[PDB]
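A.B. asks: For reference, this is data_11.txt, and it has compact mmCIF, C-alpha atoms.
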# COMPACT_ATOMS: atom_id res chain seq x y z
CA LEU A 573 48.32 -31.45 19.10
CA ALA A 574 45.97 -34.35 18.35
CA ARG A 575 43.00 -32.64 20.03
CA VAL A 576 43.72 -29.55 17.94
CA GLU A 577 43.35 -31.77 14.87
CA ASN A 578 40.16 -33.32 16.28
CA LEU A 579 38.61 -29.91 16.93
CA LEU A 580 39.65 -28.68 13.48
CA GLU A 581 38.02 -31.74 11.89
CA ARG A 582 34.85 -31.24 13.96
CA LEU A 583 34.90 -27.60 12.84
CA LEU A 584 35.35 -28.70 9.23
CA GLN A 585 32.19 -30.81 9.59
CA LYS A 586 29.95 -27.70 9.42
CA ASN A 587 27.83 -27.46 6.27
CA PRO A 588 28.99 -24.59 4.00
CA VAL A 589 25.35 -23.74 3.26
CA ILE A 590 23.99 -20.39 4.45
CA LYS A 591 20.19 -20.24 4.25
CA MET A 592 19.15 -16.75 3.15
CA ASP A 593 15.56 -15.58 3.50
CA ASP A 594 13.45 -14.81 0.43
CA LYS A 595 10.53 -12.83 1.87
CA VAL A 596 12.69 -9.92 3.03
CA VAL A 597 14.57 -9.94 -0.28
CA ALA A 598 11.27 -9.76 -2.17
CA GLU A 599 9.96 -6.96 0.05
CA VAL A 600 13.13 -4.88 -0.38
CA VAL A 601 13.10 -5.48 -4.14
CA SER A 602 9.47 -4.36 -4.23
CA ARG A 603 10.29 -1.21 -2.25
CA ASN A 604 13.17 -0.29 -4.57
CA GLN A 605 10.99 -0.94 -7.62
CA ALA A 606 8.32 1.29 -6.08
CA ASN A 607 10.93 4.02 -5.61
CA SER A 608 11.88 3.71 -9.29
CA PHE A 609 8.21 3.77 -10.32
CA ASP A 610 7.57 6.91 -8.26
CA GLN A 611 10.63 8.56 -9.82
CA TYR A 612 9.43 7.73 -13.33
CA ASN A 613 5.90 8.93 -12.56
CA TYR A 614 7.23 12.21 -11.18
CA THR A 615 9.37 12.74 -14.28
CA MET A 616 6.19 12.17 -16.33
CA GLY A 617 4.14 14.75 -14.45
CA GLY A 618 1.18 12.81 -13.11
CA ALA A 619 0.31 10.56 -16.05
CA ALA A 620 0.52 7.36 -14.02
CA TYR A 621 -1.31 5.56 -11.20
CA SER A 622 -1.07 8.75 -9.12
CA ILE B 253 -23.41 18.93 -6.99
CA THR B 254 -24.58 22.41 -7.89
CA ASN B 255 -23.79 24.78 -5.01
CA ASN B 256 -20.35 26.23 -4.28
CA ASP B 257 -19.81 25.21 -0.63
CA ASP B 258 -20.00 21.50 -1.46
CA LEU B 259 -17.57 22.07 -4.32
CA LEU B 260 -15.24 23.93 -1.94
CA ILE B 261 -15.23 21.12 0.62
CA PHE B 262 -14.78 18.55 -2.16
CA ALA B 263 -11.81 20.48 -3.55
CA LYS B 264 -10.32 20.73 -0.06
CA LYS B 265 -10.69 16.95 0.24
CA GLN B 266 -9.15 16.50 -3.22
CA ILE B 267 -5.58 17.63 -2.43
CA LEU B 268 -2.83 16.98 0.12
CA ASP B 269 -0.97 20.05 1.39
CA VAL B 270 1.44 18.28 3.78
CA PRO B 271 4.38 15.95 3.05
CA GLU B 272 3.40 12.29 3.05
CA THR B 273 5.33 10.61 5.87
CA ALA B 274 5.48 7.03 7.13
CA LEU B 275 7.23 5.95 10.33
CA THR B 276 8.61 2.49 11.13
CA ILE B 277 9.99 1.40 14.51
CA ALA B 278 11.83 -1.77 15.53
CA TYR B 279 10.69 -2.43 19.11
CA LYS B 280 12.33 -4.95 21.45
CA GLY B 281 10.72 -4.22 24.82
CA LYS B 282 8.89 -6.43 27.29
CA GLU B 283 5.58 -4.55 27.20
CA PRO B 284 3.26 -5.92 24.48
CA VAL B 285 1.75 -3.55 21.93
CA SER B 286 -1.88 -3.87 20.85
CA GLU B 287 -3.67 -2.60 17.75
CA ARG B 288 -5.40 0.33 19.49
CA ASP B 289 -2.96 1.81 22.00
CA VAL B 290 -1.35 5.19 21.35
CA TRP B 291 2.25 5.42 22.55
CA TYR B 292 4.58 8.32 23.28
CA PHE B 293 7.60 8.53 20.97
CA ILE B 294 10.77 10.27 22.17
CA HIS B 295 13.84 10.16 19.91
CA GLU B 296 16.19 13.12 20.34
CA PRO B 297 18.62 12.51 17.43
CA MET B 298 15.70 12.38 14.97
CA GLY B 299 13.86 15.24 16.69
CA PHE B 300 10.78 13.29 17.77
CA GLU B 301 8.69 14.02 20.85
CA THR B 302 5.06 13.24 20.08
CA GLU B 303 2.19 10.78 20.41
CA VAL B 304 2.14 7.98 17.83
CA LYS B 305 -0.91 5.90 16.90
CA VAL B 306 -0.20 2.35 15.75
CA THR B 307 -1.38 1.57 12.22
CA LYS B 308 0.64 -1.56 11.35
CA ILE B 309 2.15 -4.39 13.40
CA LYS B 310 4.41 -7.26 12.32
CA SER B 311 4.80 -9.30 15.50
CA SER B 312 6.68 -12.54 16.07
CA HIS B 313 5.85 -15.46 18.32
CA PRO B 314 6.58 -14.78 22.02
CA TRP B 315 9.18 -17.58 21.95
CA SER B 316 10.77 -16.42 18.68
CA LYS B 317 13.19 -13.90 20.28
CA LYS B 318 12.77 -11.66 17.23
CA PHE B 319 12.05 -7.94 17.19
CA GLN B 320 8.68 -6.35 16.49
CA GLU B 321 8.01 -3.96 13.60
CA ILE B 322 5.43 -1.22 14.20
CA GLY B 323 4.18 1.37 11.71
CA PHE B 324 2.60 4.80 12.05
CA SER B 325 1.10 7.33 9.63
CA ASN B 326 0.31 4.96 6.75
CA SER B 327 2.77 2.57 5.10
CA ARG B 328 5.71 2.66 2.72
CA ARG B 329 5.12 2.76 -1.03
CA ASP B 330 5.78 -0.83 -2.19
CA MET B 331 4.90 -2.17 -5.65
CA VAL B 332 2.28 -4.83 -4.90
CA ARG B 333 0.07 -2.05 -3.54
CA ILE B 334 0.49 -0.16 -6.82
CA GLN B 335 -0.40 -3.30 -8.77
CA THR B 336 -3.52 -3.80 -6.66
CA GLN B 337 -4.54 -0.18 -7.31
CA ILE B 338 -3.98 -0.62 -11.05
CA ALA B 339 -5.95 -3.87 -11.07
CA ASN B 340 -8.93 -2.39 -9.23
CA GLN B 341 -8.92 0.65 -11.53
CA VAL B 342 -8.89 -1.75 -14.49
CA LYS B 343 -11.86 -3.64 -13.05
CA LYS B 344 -13.76 -0.38 -12.49
CA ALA B 345 -13.09 0.70 -16.08
CA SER B 346 -14.18 -2.72 -17.36
CA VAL B 347 -17.49 -2.60 -15.50
CA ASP B 348 -17.98 1.01 -16.63
CA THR B 349 -17.55 0.13 -20.31
CA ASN B 350 -19.71 -2.99 -19.92
CA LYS B 351 -22.50 -0.83 -18.47
CA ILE B 352 -22.08 1.87 -21.12
CA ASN B 353 -22.28 -0.65 -23.97
CA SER B 354 -25.76 -1.59 -22.77
CA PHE B 355 -26.55 2.09 -22.20
CA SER B 356 -25.61 2.94 -25.80
CA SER B 357 -27.62 -0.03 -27.09
CA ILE B 358 -30.63 1.22 -25.10
CA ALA B 359 -30.07 4.67 -26.61
CA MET B 360 -30.33 2.95 -29.98
CA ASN B 361 -33.34 1.00 -28.70
CA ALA B 362 -34.99 4.15 -27.31
CA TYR B 363 -34.60 5.74 -30.75
CA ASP B 364 -36.89 3.35 -32.63
CA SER B 365 -39.92 4.08 -30.44
CA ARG B 366 -39.60 7.81 -31.07
CA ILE B 367 -39.08 7.10 -34.79
CA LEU B 368 -42.41 5.26 -34.69
CA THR B 369 -44.01 8.24 -32.93
CA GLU B 370 -42.67 10.60 -35.61
CA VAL B 371 -43.96 8.32 -38.39
CA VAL B 372 -47.41 8.05 -36.79
CA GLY B 373 -47.59 11.82 -36.37
CA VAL B 374 -46.50 12.36 -39.98
CA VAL B 375 -49.24 10.01 -41.18
CA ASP B 376 -51.80 11.76 -38.96
CA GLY B 377 -50.80 15.20 -40.25
CA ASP B 378 -51.23 14.14 -43.88
What is this structure when it is put down as structure tokens?
C.D. replies:
Amino acid sequence: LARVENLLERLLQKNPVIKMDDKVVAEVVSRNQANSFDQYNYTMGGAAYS
Amino acid sequence: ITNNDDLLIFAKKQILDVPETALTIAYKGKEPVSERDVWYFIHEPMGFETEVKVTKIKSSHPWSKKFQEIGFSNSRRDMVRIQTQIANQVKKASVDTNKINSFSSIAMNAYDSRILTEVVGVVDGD
């Protein structure tokens, strides 16, 4: 059972840090904001950028 | 413009009578895709069987193992594009008003010469 403990310790070594990308998050946020902007423009007729 | 045919073609150019669509494909094949080639798109569940012309590519390094993103028929909405459009419209308006300030000042300037002409003619008539 000692090697089970050794493997569990080695598996506890792993850093609990999960790097998450920022460029894709920004692009998705921009797309959703654009959807909201288009909705608001449509509800205002055409008195906006387009 | 003054004639009616030019106005008709301008009006035809001024509107869009078809839905605005943008297509995005995640491609993971071995064949590379260039910026000019036109591919054939077949996708039965989405009812696609056509020819697609590439308009946008987001490629990765050949050793990066990642997928490729390819766009057709213009791009998705996005906000930074809207901000760029607003900024360029603002710049155009700014240059327009800067020009028209000088134009109005010249209109004031062009008035004094004609005032002088009127005064000279009034003196001559007397």
A.B. asks: Output as a list in words the set of chain A residues within 10 Å of chain B, with distances taken over all atoms listed in the file.
C.D. replies: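 Residues satisfying the distance criterion: residues 599, 600, 601, 602, 603, 604, 605, 606, 607, 608, 609, 610, 620, 621 and 622 of chain A.
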A.B. asks: Can you report as AutoDock Vina command-line options the centre and edge lengths in Å, to one decimal, of an axis-aligned box around the listed atoms of range 301-317 of chain B padded with 6 Å on each side?
C.D. replies:
--center_x 5.9 --center_y -1.8 --center_z 16.7 --size_x 26.6 --size_y 43.6 --size_z 22.7
A.B. asks: State, in Å with one decimal place, the distance from CA of residue 309 in chain B to CA of residue 324 in chain B.
C.D. replies: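 Between CA of residue 309 in chain B and CA of residue 324 in chain B the gap is 9.3 Å.
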A.B. asks: Between CA of residue 325 in chain B and CA of residue 272 in chain B, what is the spacing in Å?
C.D. replies: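 It comes out at 8.6 Å.
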A.B. asks: Would you work out the distance separating CA of residue 278 in chain B from CA of residue 323 in chain B, expressed in Å to one decimal?
C.D. replies: 9.1 Å
